[PDB]
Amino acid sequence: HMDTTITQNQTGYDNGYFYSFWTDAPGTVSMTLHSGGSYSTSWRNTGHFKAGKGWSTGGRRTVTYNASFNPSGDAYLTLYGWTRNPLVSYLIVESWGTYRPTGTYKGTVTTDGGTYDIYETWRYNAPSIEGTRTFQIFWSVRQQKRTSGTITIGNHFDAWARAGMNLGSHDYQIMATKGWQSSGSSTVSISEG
């Protein structure tokens, strides 16, 4: 009869929603899982972390979200997901803190009232859904920040494909808070369509 609080690397289900939690700085960050599609995070002088709720069946859905996003430094509010064969992680970054991600620029996609820059990067020997690996990351980064709205994910997937950024078969997909060597808090509420 209390909200579950996650502090150790794991995935699972809470109140019908898939969740994922990962950090390399255990004890510096927590995720509290609320009723429905809502969660909060709190972090203090963390290392790296990524945490959120969403779906173990990733794919071309529409995600509507509303968030309080309060980073004191480097953090993102981002849809975050994975595919296998090829192993790819992807991020649709809605807001950021002191640092806006960048990478190999592929063009833009205009969707959901915003224009997003498309980037691809490689991440070297890093944690993944298939162990510690090098893998590509596909990015859409909103040209300006927002903390609520709708993400029409298929429009991003289609733009990435046109840019030669090829996804594999879907694994999970979450509306995440991500942090790097910062402090802060977030609360995020989601729904699918």
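Start at 1 with the first residue shown and count on from there. Superpose the two forms; the largest set of C-alphas matching within 1.5 Å is the rigid core.
- Comparing 106-114 with 119-127 in 4 other deposited structures of this protein, after superposition on the rigid core, the stretch with the greater RMS C-alpha deviation is 119-127.
- Superposing on the core and measuring CA offsets in 4 other deposited structures of this protein, the stretch of 148-156 and 51-59 with the greater mean deviation is 51-59.
- Two stretches are in play, 126-134 and 55-63, and the higher mean C-alpha B-factor belongs to 126-134.
- Looking at mean Cα B-factors across 144-152 and 41-49, the upper value is held by 41-49.
- Per the deposited coordinates, the residue with the largest Cα temperature factor out of 95, 85, 89, 111 is 85.
- In the deposited coordinates, the residue among 173, 177, 20, 182 with the greatest CA B-factor is 182.
- In the PDB entry, a CA B factor belonging to the highest third of its chain's modelled residues is recorded for residue 167.
- The entry lists a Cα temperature factor for residue 71 that places it in the highest third of the chain's modelled residues.
- Among the modelled residues of its chain, residue 103 has a C-alpha B-factor that falls in the middle third according to the deposited record.
- Sort the modelled residues of the chain by CA B factor and residue 2 lands in the highest third.
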